[PDB]
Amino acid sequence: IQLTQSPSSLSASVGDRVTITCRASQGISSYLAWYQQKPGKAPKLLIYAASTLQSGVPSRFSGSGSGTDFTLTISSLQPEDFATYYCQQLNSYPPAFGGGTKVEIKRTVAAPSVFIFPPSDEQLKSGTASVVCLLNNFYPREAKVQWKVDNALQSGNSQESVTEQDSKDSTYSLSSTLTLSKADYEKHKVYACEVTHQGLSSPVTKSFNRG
């Protein structure tokens, strides 16, 4: 049995009605549980047997479904309901879990401000060059960051990291780091970071020339 949660994440406002769905691959009648998990915390049981409310859980949570299609509904979203939710198969060891659904705070679109940082002279003495690209205070989360070196699109030599939603403006920040050897770094001139985001009419490119 495989469990498919939809969607991977959704954005909603306080007081909204939120619906998270779980699709089982074969048919498990009502053997389904829903859990809530906040960053750094253990999962918390919300519903078992597809629709039975765990004691102590607020009544705005409800489950429905039997067979292959299951739904978790939050009738009126409250501030403490922003978290990740998981479905779990019951009555089967090797139990299947859903991939999770993150409920995020909705807000208006905000384009990122883009900054690029060349490697410091100090790091170059070590023989490694780290080029960093920063996307600050943007919404929604979806963004594309394309590294270019002398206009060659780079794949496989960059990692990226994203903050959680800011507690004040509900935006995200994102860093992308391009790591090269000093020898590879000195063989090229133009280092560019190209950003695609919904709040940008056209892609934004921030660049510098080595030297």
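Start at 1 and count along the sequence shown; that's the residue number.
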Legend entry - Mean Cα B-factor comparison, 124-132 or 95-103, giving the higher one as deposited: 124-132
Legend entry - Residue stretch of maximal mean CA temperature factor, 37-45 vs 179-187: 179-187
Inset, instruction - Would you mind checking where the Cα B-factor of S75 ranks among the modelled residues of its chain, as the lowest, middle or highest third? - result: highest
Inset, instruction - Ordered by C-alpha B-factor within the chain, which third holds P119? Give me lowest, middle or highest, please. - result: highest
Inset, instruction - Would you mind checking where the Cα B-factor of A50 ranks among the modelled residues of its chain, as the lowest, middle or highest third? - result: lowest
Inset, instruction - Report the third (lowest, middle or highest) to which the CA temperature factor of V149 belongs, ranking only the modelled residues of the same chain. - result: middle
Inset, instruction - Among all modelled residues of this chain, ranked by Cα B factor, put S66 in the bottom, middle or top third, i.e. lowest, middle or highest. - result: middle
